[PDB]
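A.B. asks: Before anything else, here's the structure in question.
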Amino acid sequence: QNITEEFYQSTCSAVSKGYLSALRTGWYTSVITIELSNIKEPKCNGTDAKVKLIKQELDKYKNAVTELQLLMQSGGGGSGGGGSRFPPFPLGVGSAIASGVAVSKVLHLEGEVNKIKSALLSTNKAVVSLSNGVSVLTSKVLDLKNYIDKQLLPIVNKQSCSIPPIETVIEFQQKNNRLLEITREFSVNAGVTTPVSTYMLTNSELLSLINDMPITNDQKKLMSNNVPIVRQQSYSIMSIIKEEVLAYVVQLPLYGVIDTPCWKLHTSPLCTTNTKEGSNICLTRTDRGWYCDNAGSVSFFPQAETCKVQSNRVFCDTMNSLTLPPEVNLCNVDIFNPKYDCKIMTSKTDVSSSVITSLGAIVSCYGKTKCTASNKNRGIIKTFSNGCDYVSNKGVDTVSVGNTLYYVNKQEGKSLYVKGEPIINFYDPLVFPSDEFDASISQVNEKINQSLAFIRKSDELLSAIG
Amino acid sequence: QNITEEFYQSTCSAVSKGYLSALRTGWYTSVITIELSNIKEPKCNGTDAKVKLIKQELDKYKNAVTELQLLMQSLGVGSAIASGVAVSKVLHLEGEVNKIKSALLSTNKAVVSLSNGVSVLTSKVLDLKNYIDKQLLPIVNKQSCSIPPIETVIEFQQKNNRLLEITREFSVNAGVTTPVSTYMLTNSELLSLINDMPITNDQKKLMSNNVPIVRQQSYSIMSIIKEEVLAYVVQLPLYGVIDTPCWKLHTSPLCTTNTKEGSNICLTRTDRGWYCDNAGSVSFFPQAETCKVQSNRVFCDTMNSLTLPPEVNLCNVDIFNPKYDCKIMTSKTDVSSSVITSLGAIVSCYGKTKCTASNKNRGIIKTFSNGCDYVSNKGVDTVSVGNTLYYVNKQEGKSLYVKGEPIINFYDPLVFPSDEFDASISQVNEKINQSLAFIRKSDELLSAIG
Amino acid sequence: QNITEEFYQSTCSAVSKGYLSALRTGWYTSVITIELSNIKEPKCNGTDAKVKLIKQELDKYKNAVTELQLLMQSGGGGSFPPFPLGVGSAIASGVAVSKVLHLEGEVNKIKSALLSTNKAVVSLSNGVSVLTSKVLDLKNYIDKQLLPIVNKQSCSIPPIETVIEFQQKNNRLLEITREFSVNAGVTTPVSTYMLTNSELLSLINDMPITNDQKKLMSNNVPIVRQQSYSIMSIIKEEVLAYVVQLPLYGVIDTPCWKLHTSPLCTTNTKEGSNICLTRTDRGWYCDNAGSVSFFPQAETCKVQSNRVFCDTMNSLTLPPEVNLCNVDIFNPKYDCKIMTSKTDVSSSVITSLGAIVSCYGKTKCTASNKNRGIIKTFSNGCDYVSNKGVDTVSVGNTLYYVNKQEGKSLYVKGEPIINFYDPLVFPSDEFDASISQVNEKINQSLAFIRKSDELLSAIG
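Chains A, F and C, in that order, give the protein sequences.
Numbers 26 to 105, 132 to 517, taken from PDB author numbering, label the letters of the first sequence in order.
Numbers 26 to 99, 142 to 517, taken from PDB author numbering, label the letters of the second sequence in order.
Numbers 26 to 104, 137 to 517, taken from PDB author numbering, label the letters of the third sequence in order.
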């Protein structure tokens, strides 16, 4: 690839370029089914150890079915059970599984299970048009019902217990295990699971489902090569168990935006060094996070949690995002530019830290803190002094600030240092607004203008009073 | 249940009513036990395949016992497991292990009163002592290793598995696991425990019907391995508040819409989250991540709650009431966003952003103007703001739009305190009045210089 | 373990002393390997039930190998609080080792290291020298015990013991693959499948630490597992290799103390006409190489007995004089960090051996003993109760349980400093301020009132 990075000395920030987008823009819902045996508790006067084992396994099957019935009588969510942390203040709140739960609700209607049974009578992969009009893919991943009714029931519902061969015991355990594990995952998660396990959907099943999705060939390639990330961004929703059938909705991500350029903004505090003790003013860019070009705008992801990087491919999730004009990138070229009100925040908090970037490290070293960049073999190679500086991952293994040792990413590429005057040095510290939790260049310049003009006016008055 | 929803246009915020409470006020603790074999590494001379398998499984068991021994001893702020830890510290005191042990010699369910006066159900859930001693100790740990049946191999793996899985769960969770897994306590065991608890039949019905949520809000606490017994404490919620009115507050930014650049002021209700009536007060859950909803039933932990006067609800009906000072934030951040409510969607559309509500068949069914607006989930499937597509909840209910003047209009922007990250109506009013007072001091002074 | 506690009425805060540090100062990485058989699909034309079971298990093995192959192509890793806290890269070390392992010829380096032995130090290319372990040899069992049975154009019938034993051996590979597949190749905590308990203990023995540190890690294996990563690296050349990244506790046994804070508001009669002040420096503090390591997110720190396992990457380095904020809040050497508001609601903080209660407004705030009932009804303000005869603390509809840990606590009487502040000069919405910054704003507002009022007074 060409992963590049730029450090701006003027603003104590860095931008990593060269990444390729994979944005989650929508959802694809599918229905997965397991055929279950009707079957009852064994009427079988039996005493052999193999009979005991088969009966124990049939009890595990029966209890799993019971526990899934309990799960179905509260099936999906109440827009779930529960949700993630309230999005940060600017962002919005969504209902992640509203789509899959909408499908799960339809499955609860009477006669729906019968529609699905009669489309999978002959085959394992069929489309069904539900009552509400939506057509869904429907899979049968496991046929217990056949195995128990043909191999097991003939030996347990006589009254006198045909002794099984040990191979039948082992085989029945093998088949029953997936139902058991699906039920465990559902019971401990209130019927909604993420990520989607290999029990909920195997690799072969997921790849077949991906190949049947209404997406492009490039989208199918991207999803197939990145099954782990897809599982990370998927939900399995318990829906129903009736008519000798278990049905759950699997909700796969839909990567509507692909291959658009992304970049990542890292920010560290930029304080004055020239003064001593509590006389220093600090500003810090606040727009850190991921950016991807998206439909003539920029999709901004401020939480480092909603984006997942493999190599140069950035799988972000549009639900946790803002939409901004392209001019936002001017904050990385001309932070005082007129077209965009670049957002900063201020304080007097004069303490040191370091941010590990994609292929480098930003160090904000203030006061008398030990700030150092070192190599496992050759020793210290860069000794920082007061201010905000940067060191590339080339030839550097660790960055040490205070008593904290950071390892840098040996993910390798080319970084460029853009020398420039720190902008904190352009502000008069007497008229500096040093408690802005969120501000902009225009808002801060506005407050400065106001304070200056008041000093102006009151002095004019105090001179005119002789 | 009749879930209802209201959208206050005046304050850009919605309220979902009709839910019913289940608030955890107490803890019930139970002592789960597994009887074990004092066994040692065996002195058999083996070399057979089935013998090798049984030795492997026995060493799995012995390593699990060793792991559990190395475990057993090695808003506000609270600790959720204080009750269970109290019981666990009781069990470490010598003599109590024998108390439970004799209490379960004959039966598998018992009530035991321990030394510091707590009455706890204790339950033997697995007896590896007797299986190992009667089926698996004879053929092993003598001169040379009589052969086992393959049925014995199968059965010993099947039995040792629960101990092994419990040991793993405790191994990665440092001896405290939540939710309580099915290996710690199966569905049958949990239901029996519930039916034997000293609680109302209302609580028995609620807990029995909502086992997964009970697991969500429970704890398995590793306690002891002594006297050939493994004991852990399971800690279950006691929902001392049931069927009281709960309601959910959703909020979104409310901004001026005209006309140019960054010349707008913004204001947002901050009190969003779950509310439930509780002993003549309102329990507020601000981390609405902590409440779990099944149908119309909201399960919350009161330890994650704040307590408010009932007058807090006035903020929904009249944000300028005298009695309660409604908490808001102010800002200038004029960005488009959307909140997916219980059965609708709030959309705050500002600037060039295109905002839409679409049905899966009719295409777009609403195009939002700049400002704060609402849409019901009747005939709406998705809400699209900018590049973000949200699906709306499809739980059904009735949704009422309460027309009103956006209160951000009532504010003169030239004296608007647009920094207030935590404020209220009256704090903003006080700052507005103070700025006006400074203005008027200067103004009447200069009028007087004539 | 002498846990002591002091409550400071003047500042509505409390310090619990008497703890011992265990700080994650660094990382230790090693490479774990499993030997795998190549094996193609068997194609033996037999249909005995045991043959069926063997071929099913081989299919599970084959799909596991394919899932690991996919995870290799993606790679293990291809890569917050505002108090300026740094932004690290947790698995950068292990990912560096994995990156090296991807290169041509490194697999054969480890393979040649591990023919004669099961544990050996390998020198890979980029100046990395890693301890390598071989923890399962599936290639030998498959190629000796299984392959003759099943690759013969007419498969010999296996004994049932072979079916069961193959399931036993294949289990660990299957479980490791399952863990990796739902975590995108990076799992934490490190499970007993990734690294069993005896394996982890041996790896601990072969770390470059003092025997005291080895004892500490081996006695708190659950904490070590919680603080460790397993990074899938490669499957190729009949070898599966994944990197294990263990915490490295370079600082242990130094003094640690925890600071708890609670809002300190004015009790007076009227309204939200109160001023409120709160120390913002809650969290853990540990002496560290002549400085104080500060952990503001007390979330990041585990506590076992009086030992505090913290991670330095969630910490700030502070001068020792920070502790002076616990003695004189107004001392000039260190500038104590506070916050202010008018926000009037009651809360309670459970300390190590007590409870701070900030009871404001018309709230029922009580402290109860389980056998005696309510033993204190808190009056409006900030107060403290010790666990000596106190079991629970109830504020509003919320019931907190007090820590019953044995120790001694000292109530330190003093005048609440919120009373020193004039409620009209008071800067009452400061999200993150200091004593000095509040004094600065108060002086500025006072000066404005002085000038404005005297000015308009002299206009006779």
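Beta carbons: idealized from backbone N, C-alpha and C, even for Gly.
Looking at the unbroken beta strand (DSSP E) that takes in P484 (chain C), where does it start and where does it end?
C.D. replies: Counting along the chain, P484 (chain C) falls outside any beta strand (DSSP E), and DSSP gives it neither H nor E.
A.B. asks: Taking the alpha-carbon positions, what's the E222 (chain A) to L78 (chain C) distance?
C.D. replies: Their Cα atoms are separated by approximately 7 Å.
A.B. asks: What does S238 (chain C) reach in chain A if we use C-beta pairs closer than 9 Å?
C.D. replies: Simply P246, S248, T249, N254, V278, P279, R282.
A.B. asks: Return no unless some Cβ of chain C is closer than 9 Å to the Cβ of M370 (chain F).
C.D. replies: Taking Cβ atoms only, chain C reaches closer than 9 Å to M370 (chain F), which makes this a yes.
A.B. asks: Exposed or buried, what is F477 (chain A) when buried is set at 16 or more other beta-carbons lying within 10 Å of its beta-carbon?
C.D. replies: It is exposed - the Cβ of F477 (chain A) has fewer than 16 other Cβ atoms within 10 Å.
A.B. asks: Interface residues of chain F around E222 (chain C) at Cβ under 9 Å?
C.D. replies: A74, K77, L78, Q81, listed in chain order.
A.B. asks: If contact means a Cβ-Cβ distance below 7 Å, which residues of the segment 359 to 391 of chain C contact chain A?
C.D. replies: Here the close residues are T369, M370, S372, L373, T374.
A.B. asks: DSSP has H317 (chain A) in a bridge; who is on the other side?
C.D. replies: Looking at the DSSP assignment, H317 (chain A) forms a beta bridge with A:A39.
A.B. asks: Are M370 (chain C) and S155 (chain C) close, meaning C-beta to C-beta below 9 Å?
C.D. replies: No. Outside cutoff.
A.B. asks: If you measure beta-carbon to beta-carbon, which residues of the segment 314 to 331 of chain F are closer than 9 Å to chain A?
C.D. replies: The residues in question are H317, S319, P320, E328, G329.
A.B. asks: Quick one: which chain C residues come within Cβ less than 7 Å of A346 (chain F)?
C.D. replies: Ordered by position in chain C, the residues that pass the 7 Å Cβ test against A346 (chain F) are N454.
A.B. asks: Tell me which residue opens and which closes the beta strand (DSSP E) that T219 (chain F) is part of.
C.D. replies: Careful: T219 (chain F) lies outside any beta strand (DSSP E), inside the alpha helix (DSSP H) at 217 to 239.
A.B. asks: Going by DSSP in three states, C422 (chain A) sits in which element: helix, strand or coil?
C.D. replies: Three-state result, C422 (chain A): strand.
A.B. asks: Runs of 4 residues minimum, wholly inside the segment 56 to 84 of chain C: which ones carry the alpha helix (DSSP H) assignment?
C.D. replies: Listed in chain order, nothing qualifies, since the segment 56 to 84 of chain C has no complete alpha helix (DSSP H) run of 4 or more residues.
A.B. asks: What alpha helix (DSSP H) runs, 4 residues minimum, are completely inside the segment 338 to 388 of chain C?
C.D. replies: Listed in chain order, there is nothing to give.
A.B. asks: Flag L195 (chain F) as yes if its beta-carbon sits less than 9 Å from any beta-carbon of chain A, otherwise no.
C.D. replies: No, no contact with chain A.
A.B. asks: Counting only the same chain and skipping the five closest in sequence on each side, list residues whose C-beta sits under 8 Å from that of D310 (chain A).
C.D. replies: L45, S46, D269.
A.B. asks: Give me the subset of the segment 460 to 486 of chain C whose CB atoms are less than 9 Å from a CB atom of chain F, sorted by chain position.
C.D. replies: The segment 460 to 486 of chain C vs chain F, Cβ under 9 Å: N460, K461, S485, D486.
A.B. asks: Sort F:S248, F:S259, F:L258, F:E256 by Cα distance to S238 (chain A) and report the nearest one.
C.D. replies: Of F:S248, F:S259, F:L258, F:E256, the residue nearest in Cα terms is F:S248.
A.B. asks: Taking all protein chains shown into account, do 16 or more other C-beta atoms lie within 10 angstroms of the C-beta of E82 (chain C), making it buried, or fewer, making it exposed?
C.D. replies: So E82 (chain C) ends up on the buried side.
A.B. asks: As a quick exercise: from F:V360, F:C416, F:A89, pick the residue whose alpha carbon is nearest that of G143 (chain A).
C.D. replies: Ranking F:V360, F:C416, F:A89 by Cα distance to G143 (chain A) puts F:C416 first.
A.B. asks: In three-state DSSP terms, what is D401 (chain A)?
C.D. replies: Three-state DSSP puts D401 (chain A) in coil, outside helix and strand.
A.B. asks: Return helix, strand or coil for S213 (chain C), following the three-state DSSP convention.
C.D. replies: Three-state result, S213 (chain C): coil.
A.B. asks: Which word fits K75 (chain F), buried or exposed, when buried means at least 16 other C-beta atoms lie within 10 angstroms of its C-beta?
C.D. replies: Counting Cβ neighbours within 10 Å, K75 (chain F) comes out buried, since at least 16 surround it.
A.B. asks: Please state whether DSSP places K191 (chain F) in a helix, a strand or coil.
C.D. replies: Three-state result, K191 (chain F): strand.
A.B. asks: Per DSSP, which residues does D440 (chain A) bridge with? Please list them.
C.D. replies: Bridge partners of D440 (chain A): A:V414.
A.B. asks: Does the CB of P216 (chain A) have a neighbour CB from chain C at under 9 Å?
C.D. replies: For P216 (chain A), the answer is yes, since a Cβ of chain C falls inside 9 Å of its Cβ.
A.B. asks: The beta strand (DSSP E) spanning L181 (chain A) covers which residue range?
C.D. replies: It is not in any beta strand (DSSP E) - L181 (chain A) carries neither H nor E in the DSSP assignment.
A.B. asks: Hey, does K156 (chain A) have any beta-carbon neighbour from chain F nearer than 9 Å?
C.D. replies: Closer than 9 Å to some Cβ of chain F, the Cβ of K156 (chain A) qualifies, so yes.
A.B. asks: Strictly below 7 Å CB to CB, what residues from chain F border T434 (chain A)?
C.D. replies: Those within 7 Å of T434 (chain A) in chain F number zero; the least Cβ separation is about 39 Å.
A.B. asks: Excluding sequence positions up to five away, which residues of its chain have a Cβ less than 6 Å from the Cβ of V406 (chain A)?
C.D. replies: Excluding positions up to five away in sequence, the list reads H317, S319, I413.
A.B. asks: Would DSSP call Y457 (chain F) helix, strand or coil?
C.D. replies: The answer is strand: DSSP assigns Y457 (chain F) an E or B state.
A.B. asks: Between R229 (chain F) and chain A, is any beta-carbon pair separated by less than 9 Å?
C.D. replies: False, the Cβ-Cβ gap to chain A never drops below 9 Å.
A.B. asks: Taking CB distances under 9 Å as the criterion, tell me whether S211 (chain C) reaches chain F.
C.D. replies: No, because no Cβ of chain F sits closer than 9 Å to the Cβ of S211 (chain C).
A.B. asks: Count the other CB atoms, across all protein chains shown, that sit within 10 Å of the CB of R136 (chain A); report buried if there are 16 or more and exposed otherwise.
C.D. replies: Looking at its Cβ environment, which holds fewer than 16 other Cβ atoms inside 10 Å, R136 (chain A) is exposed.
A.B. asks: Closer than 8 Å is the cut-off here; do at least three beta carbon pairs connect the segment 291 to 299 of chain A with the segment 49 to 59 of chain A?
C.D. replies: In short, these stretches touch, since the Cβ pair count reaches three.
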